Amino acid sequence: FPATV
Amino acid sequence: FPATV
Amino acid sequence: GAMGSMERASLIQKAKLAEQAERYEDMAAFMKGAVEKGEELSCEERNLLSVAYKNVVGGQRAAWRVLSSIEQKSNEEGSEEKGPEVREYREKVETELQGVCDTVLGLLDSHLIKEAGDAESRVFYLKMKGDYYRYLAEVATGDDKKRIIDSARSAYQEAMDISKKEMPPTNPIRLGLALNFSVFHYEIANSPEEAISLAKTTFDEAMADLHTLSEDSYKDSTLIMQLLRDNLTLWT
Amino acid sequence: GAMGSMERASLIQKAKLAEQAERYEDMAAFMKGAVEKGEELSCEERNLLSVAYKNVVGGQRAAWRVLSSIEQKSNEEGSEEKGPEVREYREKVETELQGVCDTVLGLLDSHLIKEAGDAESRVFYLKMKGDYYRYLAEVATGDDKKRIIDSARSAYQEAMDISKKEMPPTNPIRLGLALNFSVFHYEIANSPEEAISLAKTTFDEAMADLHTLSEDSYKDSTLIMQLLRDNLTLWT
Ligand SMILES: *CC(=O)NCC1CCN(C(=O)C(C)(C)Nc2ccc(Cl)cc2)CC1
Ligand SMILES: *CC(=O)NCC1CCN(C(=O)C(C)(C)Nc2ccc(Cl)cc2)CC1
Ligand SMILES: [Mg+2]
Ligand SMILES: [Mg+2]
Ligand SMILES: [Mg+2]
Ligand SMILES: [Mg+2]
Ligand SMILES: [Mg+2]
Ligand SMILES: [Mg+2]
């Protein structure tokens, strides 16, 4: 799954 | 710290 | 609220202790209490609030994915019938996740966003609003699914509009917002081209502004730029 | 209890799902519900019960150590005074830990132990009783500290006596019991020589019985033997 902050 | 199960 | 009797400063102190102990549920409860004191949050305090709930909901999302996958497998042809338990437990975890999202959204609506005048605070809270509607959207299957997705989009878009007017392209809040809005497009809005365009443009405009930064600001900005690159690499 | 209305088999099914999702609090609550149905537990079910509470209390112990260390540092000369918050939050985590221990001990006393007739089940439950009194002992500072330590010792000793009479020296339950009782001696009873003697003797007697085992039993026994060796290496 993709990176989020 | 030591191993326990 | 059970934190009503505790000093604001004590709540913040304990949030920090909870973080050190990796007790994120506690951290989140302490920060909810702090927000409910009704005073605006400093930058450090906003960070504590976001870290707490990110970790709590992050765990719930991971569990929900494990359970949804098992449930999906159960509904494939040839899977022997095992009763309602998988659906029930996925629903249980889902309901708790929605509860946490509703709690965060409630804090933002009552009254963090409306009292946030500076770009850095307002963008930060609107990003959170987008994020927690995005988490609701991940699990949404009903009549309200489209309205949930639009709520996420609308919050992200307002944050984007402010960030572009008021913050430099290397600002970590502007970067993190763009990162997440790009993921919203890829994962939620079925708009991979928009997701890719956004991540690329954000990366490139940041690259061109790095020359203005100190070493420490450079470190902060480039960390998030690398996350944009990681996503682009995943998607292209 | 909130699990009173759920089928025993459904509770077990959901404990397994919770394990897969790393939702150990849920796993523990499901297993408590299953125990409270009043039927004896199978080997697999005993394992689920133990895994659940081990993970829950393991987390609480880790957090308690982080907080106790901060508190210790606060009471060193030259440390500026930061108020009651560190003690309060260490107490909070401590009280929750004691709660979980009391819950497990309550399940064992009502009525797992008294219904456990076979060596493998009885030793397993008495080991758990020792373990959860050991966790209470780690945080105990009052009038009851010695009685808590003795409760741990007594439970471990009964388990040891049965295990030696009824189980081969390579039996994983006998091994795991010895491992933990040895740690009890080192960490709780201030008896490092007893701890070392126990770990060594257990290791050596197991070594000499490995020849009797299948490949799969050999794997199980040697895994725990390596833990005995790890501790001996730590202590010598
Ligand atoms: C008050 C404030 O300015 N917070 C922003 C701060 C920027 C640096 N941070 C980060 O780089 C990490 C740790 C990745 N987290 C976030 C969180 C949210 C956003 Cl919008 C960006 C970056 C910590 C927060
Ligand atoms: C019902 C039963 O026989 N349980 C014992 C089983 C032996 C193998 N196991 C292990 O080796 C590990 C995973 C290390 N855990 C434990 C737990 C408790 C004891 Cl007493 C020994 C080993 C799983 C449990
Ligand atoms: Mg006050
Ligand atoms: Mg639902
Ligand atoms: Mg554009
Ligand atoms: Mg029934
Ligand atoms: Mg106490
Ligand atoms: Mg002896």
# chains A, B, ... in the order shown; residues from 1 in each chain; ligands from 1

$ interface_residues --of "chain D" --to "chain B" --cutoff "10 Å" --atoms "only C-alpha atoms" --output "list in words"
residues 50, 51, 54, 128, 131, 173, 175, 176, 177, 178, 179, 180, 181, 182, 183, 184, 186, 187, 224, 226, 227, 228, 229, 230, 231, 232, 234 and 235 of chain D

$ write_last_selection --atoms "C-alpha atoms" --output "mmCIF file, in the first residue's frame"
data_model
loop_
_atom_site.group_PDB
_atom_site.id
_atom_site.type_symbol
_atom_site.label_atom_id
_atom_site.label_comp_id
_atom_site.auth_asym_id
_atom_site.auth_seq_id
_atom_site.Cartn_x
_atom_site.Cartn_y
_atom_site.Cartn_z
ATOM 1 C CA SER D 50 -2.227 -18.260 26.756
ATOM 2 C CA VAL D 51 -1.168 -16.482 23.530
ATOM 3 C CA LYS D 54 0.688 -13.237 27.039
ATOM 4 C CA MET D 128 0.151 -19.809 33.883
ATOM 5 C CA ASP D 131 3.458 -16.559 35.353
ATOM 6 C CA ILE D 173 5.253 -27.900 28.498
ATOM 7 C CA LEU D 175 10.522 -27.252 29.114
ATOM 8 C CA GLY D 176 8.570 -23.995 29.012
ATOM 9 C CA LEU D 177 7.667 -24.355 32.680
ATOM 10 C CA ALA D 178 11.322 -24.847 33.624
ATOM 11 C CA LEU D 179 12.375 -21.902 31.445
ATOM 12 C CA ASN D 180 9.905 -19.580 33.210
ATOM 13 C CA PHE D 181 10.526 -20.914 36.742
ATOM 14 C CA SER D 182 14.226 -20.348 36.118
ATOM 15 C CA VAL D 183 13.474 -16.720 35.168
ATOM 16 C CA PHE D 184 11.322 -16.435 38.333
ATOM 17 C CA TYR D 186 16.732 -15.032 38.585
ATOM 18 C CA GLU D 187 14.444 -11.991 38.389
ATOM 19 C CA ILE D 224 12.706 -24.230 23.794
ATOM 20 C CA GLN D 226 17.686 -22.899 22.691
ATOM 21 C CA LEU D 227 15.806 -20.409 24.894
ATOM 22 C CA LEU D 228 17.266 -22.111 27.997
ATOM 23 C CA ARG D 229 20.732 -21.781 26.366
ATOM 24 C CA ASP D 230 20.041 -18.096 25.487
ATOM 25 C CA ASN D 231 19.264 -17.395 29.149
ATOM 26 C CA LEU D 232 22.297 -19.290 30.409
ATOM 27 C CA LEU D 234 22.902 -14.059 29.331
ATOM 28 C CA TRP D 235 23.587 -15.135 32.922
#

$ residues_around --residues "range 29-35 of chain D" --least-positions-apart "4" --cutoff "12 Å" --atoms "only C-alpha atoms" --output "VMD selection string"
(chain C and resid 89) or (chain D and resid 1 to 19 23 to 25 39 to 42 44 to 53 56 100 103 to 113 115)

$ residues_near_ligand --ligand "ligand 8" --cutoff "9 Å" --atoms "only C-alpha atoms and all ligand atoms" --output "list in words"
residues 194, 197, 198 and 201 of chain D

$ select_by_dssp --residues "range 3-81 of chain C" --states "helix (DSSP H, G or I)" --output "ChimeraX atom specification"
/C:8-20,24-35,43-74

$ interface_residues --of "chain C" --to "chain D" --cutoff "6 Å" --atoms "only C-alpha atoms" --output "ChimeraX atom specification"
/C:21,63,66

$ closest_residue --among "D:118, D:193, D:144, D:94" --to "ligand 2" --atoms "only C-alpha atoms and all ligand atoms"
D:118

$ atom_distance --atom1 "CA of residue 61 in chain C" --atom2 "atom 5 (C, counted along the ligand's line) of ligand 1"
23.0 Å

$ residues_around --residues "residue 161 in chain C" --least-positions-apart "6" --cutoff "12 Å" --atoms "only C-alpha atoms" --output "ChimeraX atom specification"
/C:119,122-123,126-127,154-155,167,174,177-178

$ residues_near_ligand --ligand "ligand 4" --cutoff "10 Å" --atoms "only C-alpha atoms and all ligand atoms" --output "PyMOL selection string"
chain C and resi 87-88+90-98+139-142

$ atom_distance --atom1 "atom 2 (C, counted along the ligand's line) of ligand 1" --atom2 "CA of residue 218 in chain C"
15.2 Å

$ atom_distance --atom1 "CA of residue 102 in chain C" --atom2 "CA of residue 117 in chain C"
23.2 Å
